[PDB]
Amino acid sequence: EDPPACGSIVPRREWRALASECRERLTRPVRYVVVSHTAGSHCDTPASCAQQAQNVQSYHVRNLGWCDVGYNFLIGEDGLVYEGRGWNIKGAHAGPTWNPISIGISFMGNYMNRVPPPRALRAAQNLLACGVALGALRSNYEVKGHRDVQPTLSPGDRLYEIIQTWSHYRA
């Protein structure tokens, strides 16, 4: 009943998310942040990106049987951040050593041969910053790429390098 949360996150309900059934909580303050790409279709408008959020979650829940969309957060090319499992629920985006200690954020689209617009990169940053402020993320949080932790191409040839040029990024 006050001013929304920092980082202009599109809340679950606004993108028509099926309710979550997850219960495992992440222990604030979280140290890690793993970045991946959905490796699916990308979107560049609020309208199209909310649908892509829905489509991604539909896959994870109806088909893979998970309690909710795997990522803690999703980033659209529309420059917005879509709320996934959020800051307090353990995700399912990086496997069994990484999920319990990090927040996973994913870029909607395949970034092997394309980069996300500056606005998406901005939305990504603004998100982590806002994580710190709340306490979800510890001030000196460390950022890994998806391949830095599992055997995968994600976050995509391009997305990867740019991330390497990020302040809080630890190889």
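Superpose the two forms; the largest set of C-alphas matching within 1.5 Å is the rigid core. Numbers follow the displayed sequence, beginning with 1.
Note on 6-14 and 151-159: with rigid core alignment, C-alpha atoms in 9 other deposited structures of this protein sit farther from this form for 6-14.
As listed in the deposited structure, the average C-alpha B-factor of 137-145 and of 57-65 is greater for 137-145. In this entry, 96-104 has the higher mean Cα B-factor, the comparison being between 83-91 and 96-104. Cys49 sits in the lowest third of its chain by CA B factor, as recorded in the PDB entry. When the CA B factors of the chain's modelled residues are split into thirds, the value for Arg12 lands in the lowest one. When the modelled residues of the chain are ordered by C-alpha B-factor, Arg119 sits in the lowest third. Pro29 sits in the highest third of its chain by CA B factor, as recorded in the PDB entry.
Sort the chain's modelled residues by C-alpha temperature factor and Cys22 lands in the middle third, per the entry.
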